[PDB]
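Engineer: Compute the structure for the input listed below.
(chains A, B, C and D, ligands or ions: 8)
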Protein chains: 4
Amino acid sequence: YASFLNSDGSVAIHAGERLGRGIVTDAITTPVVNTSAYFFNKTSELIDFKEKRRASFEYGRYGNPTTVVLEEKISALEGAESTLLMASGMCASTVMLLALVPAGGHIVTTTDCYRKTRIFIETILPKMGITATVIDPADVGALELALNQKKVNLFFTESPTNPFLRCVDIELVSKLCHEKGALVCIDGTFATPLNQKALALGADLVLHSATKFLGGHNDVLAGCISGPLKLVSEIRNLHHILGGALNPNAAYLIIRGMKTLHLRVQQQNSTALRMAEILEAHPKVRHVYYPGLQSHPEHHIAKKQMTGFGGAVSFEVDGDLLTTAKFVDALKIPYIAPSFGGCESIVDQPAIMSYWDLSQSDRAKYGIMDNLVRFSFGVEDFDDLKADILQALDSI
Amino acid sequence: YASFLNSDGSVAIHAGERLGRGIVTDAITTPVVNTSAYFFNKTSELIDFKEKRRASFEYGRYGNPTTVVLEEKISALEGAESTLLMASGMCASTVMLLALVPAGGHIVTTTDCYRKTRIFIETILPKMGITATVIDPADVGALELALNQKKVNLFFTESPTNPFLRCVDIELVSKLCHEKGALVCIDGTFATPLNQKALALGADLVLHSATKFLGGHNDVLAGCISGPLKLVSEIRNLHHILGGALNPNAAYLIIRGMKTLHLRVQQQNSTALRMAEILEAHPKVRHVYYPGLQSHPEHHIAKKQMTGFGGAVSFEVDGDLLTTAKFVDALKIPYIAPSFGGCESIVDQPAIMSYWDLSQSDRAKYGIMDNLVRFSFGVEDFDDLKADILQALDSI
Amino acid sequence: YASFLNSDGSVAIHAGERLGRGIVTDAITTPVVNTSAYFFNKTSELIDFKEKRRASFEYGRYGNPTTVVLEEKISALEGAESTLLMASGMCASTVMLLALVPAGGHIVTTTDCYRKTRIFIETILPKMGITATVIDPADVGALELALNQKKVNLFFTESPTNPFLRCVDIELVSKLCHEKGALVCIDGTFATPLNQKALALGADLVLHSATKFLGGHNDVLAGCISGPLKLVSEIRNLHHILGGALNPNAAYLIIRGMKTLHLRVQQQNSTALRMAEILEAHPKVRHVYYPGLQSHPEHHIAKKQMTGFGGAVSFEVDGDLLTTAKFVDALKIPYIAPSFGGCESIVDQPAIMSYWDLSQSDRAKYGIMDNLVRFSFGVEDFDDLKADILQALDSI
Amino acid sequence: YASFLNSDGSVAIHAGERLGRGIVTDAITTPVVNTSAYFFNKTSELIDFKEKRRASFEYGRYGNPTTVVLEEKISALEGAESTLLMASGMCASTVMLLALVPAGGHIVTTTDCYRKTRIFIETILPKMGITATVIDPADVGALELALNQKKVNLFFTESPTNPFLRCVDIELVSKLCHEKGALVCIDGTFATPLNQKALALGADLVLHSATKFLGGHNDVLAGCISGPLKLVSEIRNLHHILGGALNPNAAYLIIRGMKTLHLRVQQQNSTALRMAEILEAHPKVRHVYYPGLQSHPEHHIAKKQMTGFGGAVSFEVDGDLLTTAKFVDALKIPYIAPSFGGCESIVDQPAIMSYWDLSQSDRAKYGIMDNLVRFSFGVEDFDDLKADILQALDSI
Ligand SMILES: *Cc1c(COP(=O)(O)O)cnc(C)c1O
Ligand SMILES: *Cc1c(COP(=O)(O)O)cnc(C)c1O
Ligand SMILES: *Cc1c(COP(=O)(O)O)cnc(C)c1O
Ligand SMILES: *Cc1c(COP(=O)(O)O)cnc(C)c1O
Ligand SMILES: O=C(O)c1ncccc1CP(=O)(O)O
Ligand SMILES: O=C(O)c1ncccc1CP(=O)(O)O
Ligand SMILES: O=C(O)c1ncccc1CP(=O)(O)O
Ligand SMILES: O=C(O)c1ncccc1CP(=O)(O)O
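Structural biologist: Numbers count the residues shown, from 1 in each chain, chains lettered A, B, ... in the order given. Ligands and ions are numbered 1, 2, ... in the order given. Coordinates below:
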């Protein structure tokens, strides 16, 4: 974006605003445009726009002035060519898949894929004849193999993963894929464009869930997809049809929340790391998952491709479904709810929160244990948070 | 909804508010809830919810207090069992189709189908092996024939139609379809739940584009699908995956706009009718399309299943692409833009506005003429509008 | 404003938007500008603005792009030279008084003055030595007398009045006051800029409470003051110091609500009138107050300076505090609350609602009877409303 | 507030929300309540509320659910008994002055008082016979003298001061005042409830300007007044008449902004201090103002009653009106505008920005030099900022 703006924090603030907005004003902030359509002065100009000689969104489903600002902002952060914003993260992945993978094509992902996204790939895509290969996050051989057996169209995965924060060597993975013509998409939701530049490491596309860290206030939903124009534009087209447009009000709520992205992330990164160690050393804590820890499987990877390790920390308590529940019920600061990344701390038992519909055996079939607890550290003072977590574990 | 409320106008105002809200308040209006998730007091309760013993949206993608109000509101008007709201009309149709029509299945629609909706059906659905039969809005024999030849899954169409406002005998069409097991979905955007009750006439589902008349202020987009629970719920499920959630801020903007629905519709209904006749009798106007006119192909049907004929009026000027434009360029009150149904009057040349990408020949291939002009009468004073249209016509 | 615009309805919609906004956009609606300050490109320009060579609001407390629109909009309706918008109606009257009336000066108002306003004039102004003469709305002799005895600075009153909707011959009163140099300010809240033009009748300043009819949806508070520049500017200056600025989000909610002012007012005007007569003829109704009725004291004046008679109707039930309450408690459509002018209907007993702090004797000291009931007719269907009122009247 | 939260940061986040809201929900954030009035179920209950047996706001001008949350939140931070929120900072001071000081009373303030506030005290208050004594911020003897000569009603001042960030020994000043029965009001705007607790130091009332640091995003205006109930309630009463109510939307924007108050403040405190030194050592900088420096007149006081020194830094460049301007015109990150405290950095020449109307002689008569430059450090990265300031300093 700007030369005088070299830090990501400065970018997250003035990116797409300080130098101009396209919607002129002497105001410091971006104006919210609540319009469903855009007019033209005369039929002559309408034709001009229709003939690529003029610029206009024409209709609200094809864009919005207050929305593009956030599109450019995130684009600068990720250092992408273009960024597309949708109603939600799910909408982003969904549309992207439906737009890039052709019928009958093949897809490759990890076993730790977000549940809902797994369902979409195992129940909807097959309808278009799309087949998929599910490998382990670390199993690079499996990827290389599948890369040769069938013709892979695109390798999709998130890093860190949910809920075990498993990381993928983006640089490597990308190289293997591009070697066989496969595409690579990374869901850096947990990471944040501040803790890692998936695009700079080789990924073709990087999508986020503004609902989490980008918004950071737990009050709005949004989808994010950044990458090269040639690509992002293909998705944008299908988007203009499926109509999963983001409301201008929401767009501003995110622009606003991003003004303090770096500040929030910085604090969440510490509290998370510091509390992880404390938890790891705790006698009542059986296992702790965090890329920052030395005990993490891909700790060497995370350390090589990340500058931070996120504010999300998962760990298994030394008890059972009931005891573990007793622990979370004891906390007093975090909310017992889904989602994560907001100023307010949140806790939940993935076993109950997102897999209660399955049987204990089917649950265990995929790592989720009644022991697993996912803590999303807010922005509250460390001491207050630490004391709370400890006070809770005591009752166990 | 209420017994003391026997009129749609009264309903559109208090339906889903006067009796209760689920979100208690001594406030007259519905509170906007800007949240991404919902918390639980204790693991115990969380389980209860998961075991269908307690109620909660859990996550913002699965619902919202300020959104269900609008959902119940619209459900009362259409006299439906349940209503689902999306980010936009296109999202509504799109999701509904992907959810109800199975792979390899067959679909039936009209030739006047909304352009973008046509594209989705002719380029995306085929990927799932879904084939379609396109018939003329009036050709009931074609429908009956198709109903017997191939196994029709669902008959989709809008009524009135765009831009020639063609109408379908909903009652009849429903009968034929249901006889063969087909589903019927009517797009009553142009109509409005006030001018007709597609659900009462026999349709299974009725969808709208709150972006138009329901909102009425040209400042927000939204999708609408009302129908039986068994059906609408199936859609809601795929919706929870595709993630086309509607923002609470937008949901309120619609709730508010609907408070004056009946009043707006009433006025537009008149302005349109009166202006249509005046236009028809005008020497410079070659043809006029409006269900309210006796010259309309299905005026008899419109008169039998409608109480109003919308505020949209299409007509052909006595000139060419250039002359017609000169007419619209002379208008001073309406805006030259897409969309319709807002308090502000709008005008456009479908030919240019939504078919400029096609050749003159390919355009004529489907009724669109450089002569056609679609007028969306706002809520301005009739005399002011009439005088403007006349003064303008006085130039061609 | 516009030449092609000759009807208030059309004006209330496009006034201050259709021709230009000062904040350029190809958007149909007015954009919301959420800013606390406005920047300058270079010290040179800042100086220009300070030297009155350039335009700018500088600070949010001094103006806002999305607010002026509303200022100009209302200015057109009242045909005023300039309009000022504040936080609330009380804010407007308050600031206006403090600004125009000098210390030790004298004021003249009616006995039916709005309570709160009465308190301000009887407890605050005296601190600045400002004395006041209170006369009866109709007593023109008293006004003329006071006009000669003391040196009146400004005559302030509302018309219709609350809650007895008393009217004042603006034309006459204005004439008498201007003869002695006194200023005249009318509070046309109940009337609405559609039902009467106080400015055209001779008044110097006309103020409203957008909170009521202008907003029309019972979801925002705002003040209104329209009149000559020389005058309104003087108020604006004190405003910039007392800081009762109006939030941009609020300004838009009103701009939006006004797009259907004429439509709403039209409907309320009828329902009110019709329901007034029905009520008058009812055996259980002792008295009914409404300028539209022939039994109203200033019906001849109302009939001469108004085109409508508002949507507010006051009447006394044939019972007591307890009985009358039983009546309002029987209603099902209207809300038991203060305020009026919104789409939703509202009822209340001034006695209890705004005079419960006074003794029965002190209450009757100024017309308020435990009998009095103020009905604010919403926009719901007449039949639904009528049936409701009549039904609850069969339980007395 | 809470016993498990002892840090201000955690307080600024959950204060007034984590334990309850008064407006029940399972939502994590506070709901925005857009309503002008509040209803009652039956006349019986209406009476209960009027007789202090039930709770209700009755009318929007008297309170709002989404507003009180902010009232209680700031109350916790300041450790006050109650907080009142208005439309703007000016409103707060103005109303607090008109409510606490009686007619003919005496007031005491400093020479560095906020300009607009000075005007109000020097032009409006005298109309009520209220006289004032202006002393120098440091001059304690003057205060002690004035405290004995005339009968001081209230001593009002800010600390730090604008623009020379002069500080006042709150503890001391409080003692002398209370000894003679005077009241003490501190405008801790520049300080922020995080850097100092004027209330705990002895102040009777501490008022802010949420428009600055509290909101921290330069997109909303708001006034703050915290202190004991007996006192704050007296103001709230006059407030209910002057009608400077705060819009719920604005209230939410602050509640949200305060979620990252500590984070923002923390960063701004550093940058400012660090840059303050570098600037002081700079050869082109003649003088620097900042309570954090050892060169500041009341650095010993600042150090004893503050934990931070604000993000505002004033300094004089080695040049003239024209040269100084050249420097600000060279900057690229901060905006040239009024206000301060937001994420975005801002700069201005008080001489031009707020004193251009006065003569060079009249300006200097009160310290304002054509040299003075007030820098409001945003939240951008220090390095980026530092480099910018330096770069524009070499242009000189
Ligand atoms: C948040 C999230 C999503 C989906 O985001 P929505 O906002 O719910 O649409 C998908 N994947 C991961 C890994 C997430 O954390
Ligand atoms: C407006 C409209 C749609 C699509 O609405 P969106 O709000 O753009 O999704 C579909 N069909 C018809 C007939 C419409 O008029
Ligand atoms: C509504 C009203 C006011 C004050 O309006 P607010 O919105 O409460 O500030 C003053 N006078 C009359 C006659 C009103 O009806
Ligand atoms: C910002 C400020 C005020 C007034 O704030 P407004 O938002 O302009 O009302 C008063 N005093 C000081 C010292 C301020 O910094
Ligand atoms: O708890 C979760 O796993 C989660 N994470 C992110 C977004 C939403 C959720 C909730 P779920 O999938 O159970 O519907
Ligand atoms: O102009 C139209 O046909 C129209 N109508 C309704 C909604 C949106 C549009 C614009 P588009 O060309 O992109 O289809
Ligand atoms: O009921 C009323 O008198 C009324 N009217 C208009 C606005 C507000 C009110 C309520 P209050 O008693 O507080 O003055
Ligand atoms: O620049 C200022 O002095 C300032 N400070 C705080 C709030 C507002 C301002 C702008 P003004 O010139 O009008 O006083």
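
Engineer: ok, the residue of the stretch 51-200 of chain A found nearest ligand 7 - contacts?
Structural biologist: Taking CB to the nearest ligand atom, ligand 7 has its nearest neighbour within the stretch 51-200 of chain A at residue A:66, 34.8 Å off. No exception for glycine: its C-beta is placed from N, CA and C like everyone else's. Taking CB atoms under 8 Å, 6 or more residues apart in numbering or on different chains as the contact definition, residue A:66 lies against A:23, A:30, A:31, A:32, A:33, A:248, A:251, A:252, A:255, C:31.

Engineer: For those, which two are the farthest from each other?
Structural biologist: A:255 and C:31 (14.2 Å; CB to CB).

Engineer: Using neighbour counts, pick out the buried residues of the helix or strand where the residue of the stretch 51-200 of chain A closest to ligand 7 lies.
Structural biologist: Per DSSP states H and E, residue A:66 falls inside helix A:65-78. By neighbour count on 16 or more other CB atoms under 10 Å in any protein chain shown, the buried set for helix A:65-78 is A:65-78.

Engineer: and the next helix-or-strand element following it, what does it pack onto?
Structural biologist: With elements assigned by DSSP H and E, the helix or strand that comes after helix A:65-78 is strand A:82-86. Applying 3 or more CB pairs under 8 Å, 6 or more residues apart in numbering or on different chains; DSSP states H and E, one finds that strand A:82-86 makes contact with helix A:65-78, helix A:89-100, strand A:223-227, helix A:229-242.

Engineer: Quickly run through the sheet partners of strand A:82-86, with directions.
Structural biologist: Strand pairing for strand A:82-86, using DSSP bridges, gives strand A:223-227 (antiparallel).

Engineer: residues touching whatever residue of the stretch 201-350 of chain A ends up closest to ligand 8, list them.
Structural biologist: Nearest residue of the stretch 201-350 of chain A to ligand 8: residue A:259, at 19.8 Å (CB to the nearest ligand atom). By CB under 8 Å, 6+ apart, the contact set of residue A:259 is A:12, A:13, D:217, D:343, D:344, D:379.

Engineer: what's the closest non-adjacent residue to residue A:60?
Structural biologist: residue A:36 (4.7 Å; CB to CB, 6 or more residues apart in numbering or on different chains).

Engineer: returning to what we had before: just the contacts of residue A:66 now: which is nearest ligand 2?
Structural biologist: Nearest member of the contacts of residue A:66 to ligand 2, counting by CB to the nearest ligand atom, is residue A:248, at 14.5 Å.

Engineer: doesn't residue A:33 make contact with the closest one?
Structural biologist: Yes. With contact defined as CB atoms under 8 Å, residue A:248 reaches residue A:33; the gap is 5.5 Å.

Engineer: Compare those two (neighbour count), which wins?
Structural biologist: The neighbour comparison of residue A:248 against residue A:33 (other CB atoms under 10 Å in any protein chain shown) goes to residue A:248, with 28 against 25.

Engineer: who touches both of residue A:248 and residue A:33?
Structural biologist: Common neighbours of residue A:248 and residue A:33 (criterion: CB under 8 Å, 6+ apart): A:64, A:66.

Engineer: Double-check that residue A:315 belongs to a strand.
Structural biologist: Yes. Under DSSP: H, G, I helix; E, B strand; the rest coil, residue A:315 sits within a strand.

Engineer: Quick one: residues contacting it.
Structural biologist: Contacts of residue A:315 (CB under 8 Å, 6+ apart): A:276, A:279, A:280, A:285, A:286, A:287, A:288, A:289, A:372, A:373, A:375.

Engineer: Could you rerun that using 10 Å?
Structural biologist: By CB atoms under 10 Å, 6 or more residues apart in numbering or on different chains, the contact set of residue A:315 is A:275-276, A:279-280, A:282, A:285-290, A:371-375.
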